[PDB]
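Taking the form deposited in one PDB entry, here's one chain by itself in structure tokens.
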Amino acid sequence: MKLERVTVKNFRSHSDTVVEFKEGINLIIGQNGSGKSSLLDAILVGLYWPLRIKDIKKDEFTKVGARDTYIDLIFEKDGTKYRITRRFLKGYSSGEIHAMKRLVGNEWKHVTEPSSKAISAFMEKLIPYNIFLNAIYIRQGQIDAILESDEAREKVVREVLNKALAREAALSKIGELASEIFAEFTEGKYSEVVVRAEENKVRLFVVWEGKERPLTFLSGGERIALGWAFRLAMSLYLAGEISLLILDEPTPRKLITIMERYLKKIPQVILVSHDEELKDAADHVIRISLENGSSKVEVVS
């Protein structure tokens, strides 16, 4: 899946936001409170309405203000360009209008009935809900939680993936994938990460000199590298392949190398951050700022 264009009108601080996405790493940059994460949220809801994204309530779309709330997402998947349009009307005569069309030549045509249920049903076939919200979308805090502790890690795994028979196999596979990725991250310094399952506790080890070692055995960058390797391994386990990554703001140097080496091999990456240092590591730079109480976009690269 490849996002192309997102238009958000009257959702949170986005009065009239239009963003064009392209191949490679797309960096959305700006100070805190600019509305980047909310734009991501808008994309997610735009894709998977009326399913629950995070703790977002439908009211934010259906019952705020007098002006229409408008979400318009254009994306490509398997050669076909799709366009989802959701319009929420306010006031006395309030309601909802939902459409999903595909591009035939130079004209948009409905892929299904213009209703929430049908569009949802279609999207479930196009890209299942749990896939996007776990394989594609990397929510902020998950890496930390992975690197926090065994219980937290267990929490993250349980969150991302969802009867221990499948749990074990899943963690084994994820172990393999994570080994493979972490082997790349550390340039072969390590070749095997061990993911052990226990009663409400997922243990994560790295092998050194044949013997296993815990998180503290690693350097500062090696740990974050391991966390990323694990999370990405889980994504890969879920999707079977990584074509699109949407990265919520990573906690505020190894990120640069992780971007330069790994993420640039991915067809499309959407990254949100306030860190200017990342600009050189991106293929396309979109700057967003809060002005007069509304988000404002400018294209840099």
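One rule holds for the numbers: they count along the sequence shown, beginning at 1.
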**Study point:** Chain break class at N162/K163 - deposited residues not modelled
**Key:** 10 or more
Exercise for review: For the stretch from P252 to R253, please bin the deposited residues that the model skips: none, 1 to 3, 4 to 9, or 10 or more.
Suggested key: 4 to 9
Exercise for review: Using the B-factors recorded in the PDB entry, average over the C-alpha atoms of 88-96 and of 221-229, then report which stretch comes out higher.
Suggested key: 221-229
Exercise for review: Would you mind comparing 21-29 and 283-291 for me and telling me which has the higher average C-alpha temperature factor in the entry?
Suggested key: 283-291
Review point. Which of these has the highest Cα B-factor in the record: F75, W108, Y129, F185?
Key: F185
Revision key, fill the gap. Of the residues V6, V297, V300, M1, the one whose Cα carries the largest B-factor in the deposited record is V300
Practice item. Place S191 in the lowest, middle or highest third of its chain's C-alpha B-factors, as listed in the PDB entry. Key: highest
**Study point:** Assigned third (lowest, middle, highest) for the C-alpha B factor of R139
**Key:** middle
Review point. Against its chain's modelled residues, does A118's Cα B factor rank lowest, middle or highest third?
Key: middle
Practice item. Sort the modelled residues of this chain by their C-alpha B factor and say whether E60 lands in the lowest, middle or highest third. Key: lowest
Point to revise | Modelled-residue ranking by C-alpha temperature factor, third containing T257 | key: highest
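Here the subject shifts to the form solved in complex with a small molecule, a form of this protein not shown in this document.
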**Study point:** the small molecule contact in the deposited bound form: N26, any heavy atom under 4.5 Å
**Key:** no
**Study point:** Interface membership of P267, the small molecule in the deposited bound form, 4.5 Å heavy atom rule
**Key:** no
Check your understanding: Looking in the deposited bound form, any heavy atom of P50 within 4.5 Å of the small molecule?
Key -> no
**Study point:** Non-hydrogen atom contact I56 with the small molecule in the deposited bound form at 4.5 angstroms
**Key:** no
Exercise for review: Given the small molecule in the deposited bound form, answer whether the residues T80, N106 and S243 all have a heavy atom inside 4.5 Å of it.
Suggested key: no
Study note, to complete from the structure: Answer key, the small molecule contact in the deposited bound form at 4.5 Å (heavy atoms) among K254, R67, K63, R261: the residue is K63
